[PDB]
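# Structural description and commentary
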Amino acid sequence: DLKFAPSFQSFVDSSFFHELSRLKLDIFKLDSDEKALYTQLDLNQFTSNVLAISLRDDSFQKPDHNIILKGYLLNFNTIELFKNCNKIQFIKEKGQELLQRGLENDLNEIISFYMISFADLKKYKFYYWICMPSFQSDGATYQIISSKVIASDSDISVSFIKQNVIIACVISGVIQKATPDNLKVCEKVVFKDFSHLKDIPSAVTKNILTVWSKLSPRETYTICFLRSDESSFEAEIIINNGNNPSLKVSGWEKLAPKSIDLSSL
């Protein structure tokens, strides 16, 4: 079977909750804050081998070049709402949305991160939980039928790296947008993997597979996993039992909220 590394490891500098605090304070949003997060994906220097989602105070401003990942924050107003938030129903829905977006627009859209949190600006404790939805057909499994190392130096590799996209496809040897019609005829999909783990792509690869699957039903699916790590590899994948009508979503960072009680001088 094909295993997937958690798609990311969160790194929320106190400056993020400081900023969240500030932002949650700009206007007394007594309701739950649903902000868009932005983090310049450092596809060079990872943390513990998985993409590092580094949320600082800047993670709230859309940047200018480099690859910027758009995420979403859902800051609950009460600890109970945060605790009671049906986390499974939540990631399931976020999962179905990425599915839709991937099979109707571009595969790059199937990748995102969502954070739920509770900023206790009183007892000065910040409870949060980040997830990067990883969906697939219920009961679905994946085997890598084939894989080969990829030269980051390749004219075609450089062609992908020269691009601001993290996911693309190849059509007649030339890198093309991972669009539906392109996906229906492309030889493969190129992905700037969120994992530097040897041959273990980020759990987010399921998204690509799941979407590409429904768009272009095929015996197999080939995906190039590029890494600045030297670990870049291309893989041919087969989906097992990918036909169930249900979507199985995961992605929640490990399974419990993280609470940073910045009140320990």
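So, a few notes on the structure that sits alongside this text.

Scoring rules and cut-offs
- Residues numbered from 1 in each chain as written, not as in the entry; some residues may be left out.
- Heavy atoms only, no water.
- Residues with missing side-chain atoms left out of burial classes, pairs and counts.
- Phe/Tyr/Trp six-rings, centres within 6.5 Å; stacked < 30°, edge-to-face > 60°.
- Helix = DSSP H or I, 4+ residues; strand = E, 2+ residues; numbered from the N terminus.
- Buried < 20%, exposed > 50% of the residue type's maximum accessible area, 1.4 Å probe, protein only.
- Core = buried A, V, L, I, M, F, W, Y, C linked by side-chain atoms within 4.5 Å.
- Contact = heavy atoms within 4.5 Å.
- Expected span 1.5 Å × (residues − 1).
- Polar contact = N/O pair within 3.5 Å; in protein donor to acceptor, adjacent residues only side chain to side chain.
- Pairing = 2+ DSSP bridges.
- Axes fitted to C-alpha atoms, helices over the stretch in contact; angles between N-to-C directions.

This next bit is on the packing of aromatic side chains. Applying the stated rule across the entire model yields 16 aromatic pairs. Ring plane angle 40 degrees and centroid distance 4.9 Å describe the contact between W129 and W252, whose orientation is recorded as tilted. One end of the pair, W129, is in strand β6 (residues 125–134); the other, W252, is in strand β13 (residues 250–252), and 123 residues separate them in sequence. Residues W129 and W252 agree in their burial class; the two are buried.

Let's shift gears to the nonpolar core. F16, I167, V189, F191 and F194 are the most contacted members of the largest nonpolar core, which has 73 residues in total. Among residues more than four places away in sequence, those in contact with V189 are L107, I167, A168, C169, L183, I208, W212, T222, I223 and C224. Within the second largest apolar cluster, eight residues are counted, among which are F160, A168, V170 and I175.

Turning our attention to the environment of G139. If you trace the backbone, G139 turns up in the loop between β6 and β7 (141–149). The class of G139 is partly exposed, set by a relative accessible area of 45%. Non-local contacts of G139, meaning those with residues more than four positions away in its chain, are made with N240 and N241.

In a regular helix each residue adds 1.5 Å, so 13 residues correspond to 18 Å; helix α1 (residues 14–26) covers 18 Å between its end C-alpha atoms and thus fits that length. By the burial criterion, the buried members of α1 are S15, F16, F17, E19, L20, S21, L23 and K24. Where α1 begins, the capping side chain belongs to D13, and its oxygen is found 2.7 Å from the backbone nitrogen of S15.

This next bit is on the sheet that holds strand β12 (residues 233–240). An order of β7-β12-β11-β10-β8-β9 is seen for the six strands of this open sheet, with the pairing classed as mixed. This sheet does not close on itself; its edge strands, each paired only once, are β7 and β9 (174–176). On average, each strand axis in the sheet is inclined to that of its neighbour by 30 degrees, with strand direction left out of account. Of the strand pairs in this sheet, strand β8 (residues 167–171) and β9 are connected by three bridges, and their pairing is antiparallel. Along β9, the bridge assignment pairs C169 with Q176. Each of β7, β8, β10 (188–192), β11 (221–226) and β12 touches helix α6 (residues 205–215); the most contacted strand, β11, lies at about 150 degrees to it.

Take the pairing of strand β4 (residues 68–76) next. Where strand β2 (residues 33–40) and β4 come together, eight bridges link them in antiparallel fashion. Bridge assignment links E34 to a residue of β4, and that residue is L74.

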